[PDB]
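**Q** sequence first, structure after; it's an experimental one.
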Amino acid sequence: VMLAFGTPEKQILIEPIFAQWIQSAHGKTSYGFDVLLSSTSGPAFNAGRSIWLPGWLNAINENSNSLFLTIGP
Amino acid sequence: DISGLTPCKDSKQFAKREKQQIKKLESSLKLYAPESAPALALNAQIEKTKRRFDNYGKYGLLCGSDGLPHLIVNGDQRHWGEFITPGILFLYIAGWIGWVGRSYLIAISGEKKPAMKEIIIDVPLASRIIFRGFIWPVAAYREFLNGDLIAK
Amino acid sequence: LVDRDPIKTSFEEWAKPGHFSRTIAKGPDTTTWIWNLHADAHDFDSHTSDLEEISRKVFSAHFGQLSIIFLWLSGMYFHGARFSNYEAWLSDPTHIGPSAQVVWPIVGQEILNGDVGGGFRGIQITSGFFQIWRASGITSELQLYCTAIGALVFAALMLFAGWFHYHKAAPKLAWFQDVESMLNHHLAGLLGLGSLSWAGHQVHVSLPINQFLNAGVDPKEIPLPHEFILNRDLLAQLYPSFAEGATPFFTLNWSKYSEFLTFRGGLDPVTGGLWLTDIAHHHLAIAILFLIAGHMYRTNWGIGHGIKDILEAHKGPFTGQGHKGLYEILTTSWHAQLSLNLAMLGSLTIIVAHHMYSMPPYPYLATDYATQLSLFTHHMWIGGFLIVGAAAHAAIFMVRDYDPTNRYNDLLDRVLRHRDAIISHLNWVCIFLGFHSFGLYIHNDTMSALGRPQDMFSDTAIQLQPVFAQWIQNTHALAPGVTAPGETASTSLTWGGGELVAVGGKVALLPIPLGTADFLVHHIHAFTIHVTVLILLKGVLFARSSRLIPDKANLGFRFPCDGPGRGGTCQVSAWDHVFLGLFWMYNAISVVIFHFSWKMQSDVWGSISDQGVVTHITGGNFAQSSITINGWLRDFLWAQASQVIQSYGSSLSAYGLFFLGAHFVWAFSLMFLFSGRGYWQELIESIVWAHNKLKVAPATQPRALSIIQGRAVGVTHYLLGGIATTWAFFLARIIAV
Amino acid sequence: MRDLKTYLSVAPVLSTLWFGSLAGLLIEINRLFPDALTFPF
Amino acid sequence: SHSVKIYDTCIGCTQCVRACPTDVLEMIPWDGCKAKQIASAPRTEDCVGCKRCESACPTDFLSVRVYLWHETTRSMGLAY
Ligand code: CLA
Ligand code: CLA
Ligand code: CLA
Ligand code: CLA
């Protein structure tokens, strides 16, 4: 109805905050939450930074694939 | 900046949306004489659009890349007016309605023919019961403590 | 013959719902009582078995119907006087879109007040009232205000009459059973005098005002209608034959009236409609014919016919006693008369819908495409619904009022003794038509997909020419001068004379060619109509008994089944045959309106240039694209739905919203149609459990809907959704282009 | 009239009156304070 | 043929045996109810499975029960 009356700025658009936080916790940096694997000084980051984190972080922060796509309302 | 969002007042796309809407409204006004009533209506519409955009700018909303406001419902204090306060008000009102209905249903349960009081409402009794729901949280909580809320 | 004060006027019965029924008046033990209250409200036969009481009840409700209609007309006339741009449209009909509704600005809904021309902002209407008012000589809003006031007064009069003829003086049964007098009065007085009065109005008001308007005179400079009556010199200037008065009429010198009573035929080049002189002559002749026809049946003076005597004398070696006994059935049963009248009225509505598009009777109506499309579709749907109701009430009569011990009729008895042959033959005809109509479309689709266009049924590979309709067109095109010497032009421009009428740069009407696609679509129409007639006639003929359930008449007219036995007996009642025929009526009418829309947009409607070249709306793609189902899906539904799906943000966004809303409503009906009662009754038991836990269980026990109620809800929602979707699609497509 | 008062207490009439008053109140509330997306107080 | 069974909650109302569209059911004398009667089902080869008898029983849950079973020419109601 809001789109029909030509006023798209009245829509109810809710951010999926929890899923974005979970994505950030896996090493994604497009939301700026900076938690766990997205934190460079965390124990979790330091534990696996020499085994698998470099390649996984390279793959997750590249937007041409389907690994943890960006999400919205 | 939660989730990489930006305030509405600094968003350029928000201003572009406002300009496009106002320009679309203004192109219709050139078809009418300034003194005519449709011109007055279009003037009022333009003023209302400007006021709405200004008000959205003032309240501290957050815009995306499309210039559209987004709502934060995670419980942050900076956005409690988006979800929390209307939610509490709605819960109060819904509890009022439910409590009044339950009270009326209990009131007429002891009559000879309780069904006939459901198709033809007893107006004075309902009117007396209507005011009582204004304090529904206290009554409901005390009934829960006394164990009278749940049927045995 | 009436009774003085038969029923007291009181508010007592208002406070006791269900007073009309003994069972319903007890009280609401369950929620089924509430639904039972509304379904049986107007079934006067079930209320009482006295025919006089039923007749008295029926007579009074028609007064309420007339009052509601008069209120609707009063509103329609008032809105044109107060919230319309009629006076601006009257000065430039071709460039201004009619509008008579405006909207309050509340939640941003003022966007619906788009521009329509004449310095006005509102909703464009497609009912055609502007052309009706223009053809009547109406010029100012004062006349419309007076008409609205008069309609309000007439509505009040109808309501008072309805109260009076039921509470103060109710006619006796002998008054109702006087069919000869009723027929005489309804023929001579209701129709003949009405036609004569309208002819007089057209002679004295419409002709001079419309002549002045067509001449180009400013509507504010035209003399008032009463000035043509008090000043015969003005009419003499317009029509010299008026100087002789009524002397030519009484001396049988009727040829002098040839100036305003013509037999021209065709369309008026200025306005694109029929000549008004032809309409006046038509109404005069029709009034004479109906006045003569109203003196046929016998009354207190001995001269005339007896309907029973006419009926009793028509019998043959194949029919036995013939029509003897039909007079007593039609004077004692309200349902049979209702069924007959419903069928005739539906057929008449369909005929009217077909006739108004090919012979446009109103000025500036042919070039208003949206009005034409809307009127055609509206009247087609009304006719279909009335036709289905006819069969419904025929089945009701068969179940209830059939009694051979006192109302024997040989013609009805003989039909019931060979119903198997009728049903089997109709079944075979339906199967044959379905195979040889829809199968040709599948053949075309397969041949086109396989890459073999030379093996299709089309105008280029394998022609199926409708040579019978083309012969009729040729006969009607050459009628003037051979078989109709008194006519100047043909009855319609569609017969194929070769002339074109253009009004304001648009095409009004022109010859309509027929080819291979028309053959296929006409046989599709025949197939659908035959299937609908099969479902309704099977339902009527097997209402009382069959080989499956010999005692079906004892179970009533509206019952769900006779249990899971005999392999299963779901949907055996006559009500279920109407429920199933509604779906086929919907299918047939949808196909018909789609055919009309595509054919009009492809071969008729368009714009005309200075050099005389016509550009149609869709460019004449009907002939080659409609011969396949893929063509209908692509070039009709996909292409023409772009207007309705792009209407957001403009004045047509209401149609876009209604499109999705009607989609939702249509899809919502499938829940009631595909499921059964037991599941929902079991589900409610669990919901009631938690209401008992919190002491909120109602004293009126909740029940699931009955089997019949669920069927009715499903069919109602299904029809509403489908028709509303098509309505929004049509209006959004045709207003823009 | 007692019977007239009884007819005014039947479910459909009472529901219609209640919903009409409710719709009027909501329409006026949205007319005085248009385009509310957040509770600012 | 279908299966029709009677249980001792029967009150002797006769309403089931009056409702049957084919003669399947009949009353016999008994002791155990005020009416001193019970329904019997001797002719279940002629049962069509309509359940008219179960719609007529006034007991809380039915004292007559019909279980659909192997179908024959008689139980299908075929007059071909
Ligand atoms: C205001 C005066 C008045 C009063 C007090 C009555 C009182 C009565 N009438 Mg009555 N009647 C009136 C005017 C009145 N009538 C008029 C003007 C007509 C002509 C149409 C009739 C035609 C009429 C018939 C044909 C019958 C009665 C009957 C009755 C009696 C029982 C029905 C009843 O009241 O149930 C409660 C009735 C209602 C609550 C009325 C609901 C009817 C609706 C509201 C009519 C409005 C049409 C439509 C719904 C409105 C617009 C359309 C759209 C919105 C849907 C009752 C004593 C019946 C009777 O005596 O049988 C025993 C009967 O058969 N009346
Ligand atoms: C002049 C036309 C006419 C007349 C006088 C009648 C008269 C009658 N019909 Mg009938 N009928 C007609 C045309 C007509 N019919 C047509 C054209 C059809 C085919 C569709 C039918 C199909 C039909 C059936 C299938 C049945 C009847 C029955 C009856 C009888 C009882 C009607 C009743 O209680 O209504 C009660 C009225 C209603 C329940 C109102 C229905 C409302 C409609 C369906 C939905 C409207 C939607 C609305 C816009 C939404 C707003 C809702 C609002 C609350 C917000 C009565 C004698 C019944 C009968 O005789 O049973 C033995 C019966 O079973 N008729
Ligand atoms: C799109 C779905 C669909 C289709 C195809 C049909 C088709 C049909 N319905 Mg029907 N119906 C439908 C939906 C449909 N219905 C719905 C939704 C309802 C509402 C519940 C009904 C309600 C209904 C009723 C109430 C009745 C029918 C009847 C009929 C039949 C009409 C007689 C006939 O021969 O038609 C022509 C047949 C066709 C067009 C189907 C053939 C399709 C083409 C020709 C392919 C042929 C392939 C060919 C044989 C080779 C294949 C071989 C194989 C190895 C591949 C026909 C079979 C009537 C009936 O029983 O017959 C009189 C009837 O009374 N229908
Ligand atoms: C005062 C009345 C009342 C109360 C207190 C409840 C309370 C409850 N219902 Mg409920 N219900 C009601 C009326 C009521 N219902 C009515 C009238 C219907 C039929 C439409 C339903 C249909 C319904 C379903 C289908 C379900 C519930 C469920 C529930 C429970 C979950 C909470 C909830 O909001 O569900 C949501 C409840 C609704 C959406 C109901 C609609 C609200 C109606 C419109 C309120 C009507 C109030 C009534 C008019 C009071 C008039 C007062 C006046 C006389 C003074 C909760 C115990 C759920 C549950 O737990 O299952 C057991 C569930 O699945 N209800």
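**A** Thanks, I have it. Residues are numbered from 1 along each chain as shown, chains lettered A, B, ... in the order given. Ligands and ions are numbered 1, 2, ... in the order given.
**Q** need the contact list for residue C:89.
**A** Neighbour list for residue C:89: C:96, C:98, C:117, C:118, C:130 [criterion: CB atoms under 8 Å, 6 or more residues apart in numbering or on different chains]. All C-beta spots, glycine's among them, are computed from the backbone N, C-alpha and C.
**Q** not counting its neighbours along the chain, what's nearest the first one?
**A** This means residue C:96. residue C:117 (3.7 Å; CB to CB, 6 or more residues apart in numbering or on different chains).
**Q** ok so, going back, which of the contacts of residue C:89 lies closest to residue C:719?
**A** residue C:98 (29.2 Å; CB to CB).
**Q** residues of chain B that sit close to chain A?
**A** Proximity of chain B to chain A, by CB under 8 Å from any CB of the partner chain, involves residues B:1-5, B:14, B:17, B:21, B:24, B:52-53, B:56, B:64, B:67-74.
**Q** what bridges to the residue of chain B found nearest ligand 1?
**A** Closest contact between chain B and ligand 1, by CB to the nearest ligand atom, is at residue B:120 (13.5 Å). Counting by DSSP bridges, residue B:120 forms beta bridges with residue D:10.
**Q** confirm residue C:507 sits in a helix?
**A** No: checked against DSSP: H, G, I helix; E, B strand; the rest coil, residue C:507 lies outside a helix; its state is strand.
**Q** number of residues surrounding it?
**A** For residue C:507, the count of nearby residues is 22 (other CB atoms under 10 Å in any protein chain shown).
**Q** hmm, back to that, ok, the residue of chain B closest to ligand 1 touching residue D:3?
**A** No: assessed by CB atoms under 8 Å, residue B:120 is found out of contact with residue D:3, at 11.5 Å.
**Q** which of those two has more neighbours?
**A** Taking neighbours as other CB under 10 Å, residue B:120 and residue D:3 compare with residue B:120 leading, 18 against 14.
**Q** and the more buried one, what does it touch?
**A** C:15, D:6, D:9, D:10, D:11.
**Q** that one and residue C:25, how far apart?
**A** Plainly put, residue B:120 is 14 Å away from residue C:25 if you go by CB to CB, to the nearest Å.
**Q** could you identify the buried members of the contacts of residue B:120?
**A** C:15, D:9 (16 or more other CB atoms under 10 Å in any protein chain shown).
**Q** which one is residue 39 nearest to, not counting chain neighbours?
**A** Went with chain A since none was named. Going by CB to CB, 6+ apart, residue A:39 has residue A:45 as its nearest residue, at 6.0 Å.
**Q** ah, I was thinking of chain E
**A** Using CB to CB, 6+ apart, the closest residue to residue E:39 is residue E:6 (5.0 Å).
**Q** can you name the residues bridging to that neighbour?
**A** residue E:64.
**Q** chain center to the helix or strand where residue B:94 lies, what's the gap?
**A** Using DSSP states H and E, residue B:94 sits in helix B:80-107. Centre-to-centre, helix B:80-107 and its host chain are 13 Å apart (CA atoms, centre = their mean, to the nearest Å).
**Q** could you say what helices and strands it packs with?
**A** Judged by 3 or more CB pairs under 8 Å, 6 or more residues apart in numbering or on different chains; DSSP states H and E, helix B:80-107 is in contact with helix B:123-130, helix B:136-146.
**Q** and the residue of the stretch 351-500 of chain C found nearest ligand 2, how many neighbours?
**A** Using CB to the nearest ligand atom, the closest approach of the stretch 351-500 of chain C to ligand 2 is made by residue C:389 at 2.3 Å. Neighbour count of residue C:389, defined by other CB under 10 Å: 18.
**Q** cool, residue C:612 as well?
**A** 8.
**Q** distance check, it against residue C:500.
**A** For residue C:612, the distance to residue C:500 - CB to CB - is 8 Å.
**Q** before we move on, what about residue C:249?
**A** Computed as CB to CB, the residue C:249 to residue C:500 distance reads 39 Å.
**Q** go on, residue C:666?
**A** 41 Å.
**Q** okay, those two: which has more neighbours?
**A** The neighbour comparison of residue C:666 against residue C:500 (other CB under 10 Å) goes to residue C:666, with 18 against 14.
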